[PDB]
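To start, the structure itself, in structure tokens.
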Amino acid sequence: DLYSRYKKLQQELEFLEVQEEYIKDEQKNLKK
Amino acid sequence: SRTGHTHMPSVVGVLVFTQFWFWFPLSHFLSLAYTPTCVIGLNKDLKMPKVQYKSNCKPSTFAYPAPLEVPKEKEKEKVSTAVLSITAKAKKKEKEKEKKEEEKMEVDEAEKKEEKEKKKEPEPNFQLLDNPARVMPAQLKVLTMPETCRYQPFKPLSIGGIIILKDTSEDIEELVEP
Amino acid sequence: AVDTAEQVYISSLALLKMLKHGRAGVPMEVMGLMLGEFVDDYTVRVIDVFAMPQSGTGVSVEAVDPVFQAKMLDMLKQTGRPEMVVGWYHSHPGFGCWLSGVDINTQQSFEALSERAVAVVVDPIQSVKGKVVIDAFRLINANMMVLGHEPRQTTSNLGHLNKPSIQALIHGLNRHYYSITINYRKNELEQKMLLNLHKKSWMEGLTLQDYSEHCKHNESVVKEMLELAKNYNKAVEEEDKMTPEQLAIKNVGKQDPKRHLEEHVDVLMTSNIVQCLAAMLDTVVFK
Amino acid sequence: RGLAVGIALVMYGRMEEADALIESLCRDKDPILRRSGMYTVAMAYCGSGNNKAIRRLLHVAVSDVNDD
Amino acid sequence: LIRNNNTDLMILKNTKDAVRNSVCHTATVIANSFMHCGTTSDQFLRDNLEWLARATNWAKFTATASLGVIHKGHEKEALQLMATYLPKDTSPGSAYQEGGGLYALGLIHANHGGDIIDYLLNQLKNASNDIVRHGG
Ligand SMILES: [Zn+2]
């Protein structure tokens, strides 16, 4: 129940930080 | 795979299949990733008994037709005569001429409705299947166990592959070996 | 045993000898030789390029001097490296690249001598901006003349590097030779020593470009930016429901909104920051 | 290119033990061998939502210069 | 796989007619081998051969490889199938038959240790160079 919800919220949080890091690079790349 | 694990041939077979840019005959390796969509009802070491079990689909039927091999025989055959003129009232008085000729000498033709609608609704989602039975992997959970037969299953049957039946009480029968 | 999708390796010095010798004799179709190595069946590499003296005939087999051939090779065996010739080149200034009439005659002599002897055609005057018009070609036989030439097979690197251009396929190309793929042997121990040594300035990073040239520039830009702000006021206080996405397209003027906006403000920001950071560091460092 | 897939396929699902090899192949300037390390980090990390993998694999997906 | 053989032959024929003189012949003999994989149904290697003999120099390597794909998981009969289309009895001049033939034995008996490992072991002892050691 609750331990599985806490692990998945750990996973999804560290997931969309990485896809946040991708858009940081591309918007920096498209300026050049 | 079936039980949460992943296949070692289906991974290796597809990743060298990605290398079809550099070599076309590496594309034969995708045949390793061809896993069957079938269940197998082998109860003893040798006997596969001919068992009947059914479905639980929500509103219909599907899968495996591949029927259509018509060449679409088409015809130009006509261009519609669009002369819109005195033609319009001339065909109308011709239809008046048929109201003396048709309904007064002989026209008694009739046809019947709703015969073709009748066979559709009592349909079978209860399709019975012998031992090496194919099933789409989306319907590993909406199948039905053979409880209506004498020979009823024992292994938890919820995903395709191979199982044992509990061949129940005595007079064991129904071989098939082609 | 027949052709596939090959690959041509050129050294960094080889391309530089091509464009320099082409820029030297820009009107009169310069000619030279190409010296490399056959490493396998179907990838060719070249390490070296030396040119030819100018012949009055033109680009043909008569422009090849055999005594300048062997005695130049005589020197390169004992100094540097001895290797086999693998081809040749010339320059065609009037167009991009296609083998002409007297081009294709001297090719038949070379493929009778060597296995392939790949031709190279370079326009020196077309290559201006940041790209080079270089392409290498290779003649086909007449045995498959009613069959499909370029017998290529199991690969997928053929659709790149050029499609056949219409200024090149109107001539030979297709049913006479084939086009081949060329990439560059990019190396380290050369790449950074060309980069850092060609574009470099040490003390420029903390110069001042003064104040008397700089306060005048800060004086100027603010003045039209004031009127740019007045034009920015005019659209904001307008704000009418004349279908404002259609009201904006009927009021196109290459103007205000946001394009003629902060673009100037960014230049005003960057100019004064680099001016003041250079001013504050120079007070810090020196005494 | 034959040894590219081969050293990617000698390790399979080790999930931490390839990391010295993953760092070694990508730091080299050989474009085929950098590509070979990308198939190696794929096969060592099969089906796992590794945050370190999806960070590092997407990082070279942005900044690297060879298309292959 | 043999008792549920509903493949379609006319789709493969309605893609056959649009085959022009490109190198799509390898793309078709990989297409039928996919949709007859494990079926052990040879009809395209029976009903026509002149179109199959058109392409060359790697398509023969591909076609006799596709013969093993249709016969995936044919333990004993695949040995005598090749015994018939041997690496030295079809034609001694074509290495593409004996190259893709040994490649086809590997396609059939994948994940099956036996004499076929030793059978391919002894023929890599005595082999030619280029397109024999590939499929071997
Ligand atoms: Zn020319």
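Chain identifiers are assigned as A, B, and so on, following the order in which chains appear in the structure tokens; residues are numbered from 1 within each chain, and ligands are numbered from 1 in order of appearance.
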Item checked: At most 9 Å to chain A: residues in chain D, only C-alpha atoms, as an MDAnalysis selection string -> chainID D and resid 49 51 54:55 58:59 62:63
Item checked: Contacts with ligand 1 at most 9 Å, only C-alpha atoms and all ligand atoms counted, listed as a list in words -> residues 29, 59, 60, 89, 90, 91, 92, 97, 98, 99, 100, 101, 102, 103, 104, 120, 121 and 122 of chain C
Next item on the list: Find the residues in chain C near chain D: any atom within 12 Å counts, using only C-alpha atoms. Write them as a PyMOL selection string.
Entry: chain C and resi 157+185-188
Next item on the list: Extract the full set of helix (DSSP H, G or I) residues from chain D according to DSSP on the backbone, and format it as an NGL selection string.
Entry: :D and (2-9 or 19-27 or 31-43 or 51-63)
Checklist line | Proximal residues of chain B relative to chain C (only C-alpha atoms; 8 Å) as a VMD selection string | finding: chain B and resid 20 to 25
Next item on the list: Show me which bits of chain D are within 12 Å of chain B, counting only C-alpha atoms, as a PyMOL selection string.
Entry: chain D and resi 1-2+4-6+8-13+39-40+42-48+68
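Between atom CA of residue 35 of chain C and atom CA of residue 69 of chain C there is a distance of 11.5 Å.
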Could you build a table of the residues in chain E lying no more than 8 Å from chain C, giving for each the nearest pair of atoms and their separation in Å rounded to one decimal place, using only C-alpha atoms, ordered by chain and ascending residue number, as JSON lines?
{"residue": "E:21", "atom": "CA", "partner": "C:148", "partner_atom": "CA", "distance": 7.9}
{"residue": "E:23", "atom": "CA", "partner": "C:153", "partner_atom": "CA", "distance": 7.4}
{"residue": "E:58", "atom": "CA", "partner": "C:153", "partner_atom": "CA", "distance": 7.1}
Margin query: Would you pick out the contacts of residue 27 of chain C at 12 Å or less, using only C-alpha atoms, so that residues sharing its chain but fewer than 4 positions from it are not included, and give the list as an MDAnalysis selection string?
Written below: chainID C and resid 21:23 58 91:94 123:125
Checklist line | Interface, chain B side, toward chain E (10 Å; only C-alpha atoms) as a ChimeraX atom specification | finding: /B:9,24-32,34,36,64-71,132-134,178
